[PDB]
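Sharing a structure here in structure tokens format.
In this document, chain identifiers A, B, C and D correspond to the written order of the chains, with residue numbering beginning at 1 in each.
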Amino acid sequence: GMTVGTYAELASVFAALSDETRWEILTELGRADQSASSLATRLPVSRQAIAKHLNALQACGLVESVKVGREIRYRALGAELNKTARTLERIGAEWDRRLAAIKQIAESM
Amino acid sequence: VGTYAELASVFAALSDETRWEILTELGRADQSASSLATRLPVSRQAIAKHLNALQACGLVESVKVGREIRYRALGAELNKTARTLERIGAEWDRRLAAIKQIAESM
Amino acid sequence: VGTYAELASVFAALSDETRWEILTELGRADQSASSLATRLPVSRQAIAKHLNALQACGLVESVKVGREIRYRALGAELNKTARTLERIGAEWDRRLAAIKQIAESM
Amino acid sequence: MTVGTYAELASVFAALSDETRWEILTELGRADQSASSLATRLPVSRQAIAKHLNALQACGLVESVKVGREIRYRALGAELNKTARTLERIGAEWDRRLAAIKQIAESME
């Protein structure tokens, strides 16, 4: 389940989710659509850093822009968190099955 | 919660291709650090540094087997992380579905 | 949906400036095509054409008054139009509010 | 009922002067829809739908809603409400003036 293809496909998500500040942004954006200037007013992160985090989050599919008329807001999306979660379950299940084989053969008289 | 600090650490550990390679190895069989250094293009020292990061976030544990230390990959941490992401994603998905229904339903 | 053919005709009538100018003057008081010419900076040709359009969409009616024909603005037709827009507007504002109550923080 | 009222409302009156634009507004007031969606629903060409949408956006009766690959449109009540306020005022004034004339005529000897 760990193939290099999986890692290459999820690498940008893993990188995105490796930062506490990005989780802070995601949590905000999963609660209510917000502008970058809403986020800047809330968090101790500069407007330019927020822009960079938002671009990284949109590029890997964790955030989408929502532009209504002239107003630009952002929204967190579950699709990539769900995909990541399914992959981490499948890999966790294989490690578990593997561990069960080893425990079982340690018992063989 | 400390939940986001722990998520960030796990993804920081997974984000590195060398750690992914180590976990791929361990996935298939628990191994000593010397074994991993024999198999991979990094030094015994680099392996110990990666292993420390993998242990510190709960993805690997060391275990003394006879006269040697082995490392094992821990499914429980992948399952816990997955369950957290499923919770969070289900709420974002509920909200998206609600928005699209009121905004777009034909 | 008979409403929208009639809405469109009312707005087509209101959409021309010189026709607006005539209509406003009638709203002040009924008058003949003659008195409209005397009172307004407009041609007799334009009055004839716009009075026809205003009548054909129901915003004005002609009345025989002794030996003259006068034209009267029909505030009922404005009120019916305003009431229709207010209903429609209300139905669009409710959908907007609903979307908003889900999508953004109130 | 000033010529300033006309100057500002002129583009709205023009937009509302076409039954096809009313049909497009009715659809967009019930559901945000793409131009493609509208063309599936109405016997109007995509070119015509595009021109009408441009017209409706320019006077503020519709806004675009852009989320992903998707561009949709939404009817907004705001200009309808402003127009209705103005027509209601004008109608009420005509009624007042008519009543005042009736009293003048009754007092004529």
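The working rule: a residue touches a chain if its C-beta (ideal position, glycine included) is under 8 Å from a C-beta of that chain, and two chains touch if they have at least 3 such contacts.
Engineer: Quick one: report the Å distance separating chain B from chain C, using the average Cα coordinate of each chain.
Structural biologist: A distance of 70 Å separates the two centres.
Engineer: Averaged over CA atoms, how far is the centre of chain A from the centre of chain B? Could you give it in whole Å?
Structural biologist: Those two chain centres are 13 Å apart.
Engineer: Centroid from C-alpha atoms only, then distance chain A to chain C, rounded to Å. What do you get?
Structural biologist: Chain A and chain C have C-alpha centres separated by 57 Å.
Engineer: Do you know which chain C residues sit against two or more other chains?
Structural biologist: 95, 103
Engineer: Have a look at which chains touch which and call the overall pattern line, ring, star, complete or other.
Structural biologist: complete
Engineer: Pull out all the chain pairs that touch, please.
Structural biologist: A-B, A-C, A-D, B-C, B-D, C-D
Engineer: In the complex, go through chain D and note every residue touching chain B.
Structural biologist: Listed in rising order, the residues are 31-33, 37, 65, 72, 74.
Engineer: For chain B, which residues are in contact with chain D within the complex?
Structural biologist: Residue list for chain B touching chain D: 103-106.
Engineer: Provide the residue numbers of chain B that touch chain A in the complex, in ascending order.
Structural biologist: So the residues of chain B in touch with chain A come to 4-5, 7-8, 11-12, 14-15, 17, 20, 23-24, 27-28, 30, 72-79, 81-83, 85-86, 88-93, 95-96.
Engineer: Mind pulling up the chain C residues that touch chain B in the complex?
Structural biologist: Listed in rising order, the residues are 95, 98-99, 102-103.
Engineer: Which residues, counting only chain A, touch chain D once they are in their complex?
Structural biologist: Within the complex, chain A touches chain D at residues 64-69, 75.
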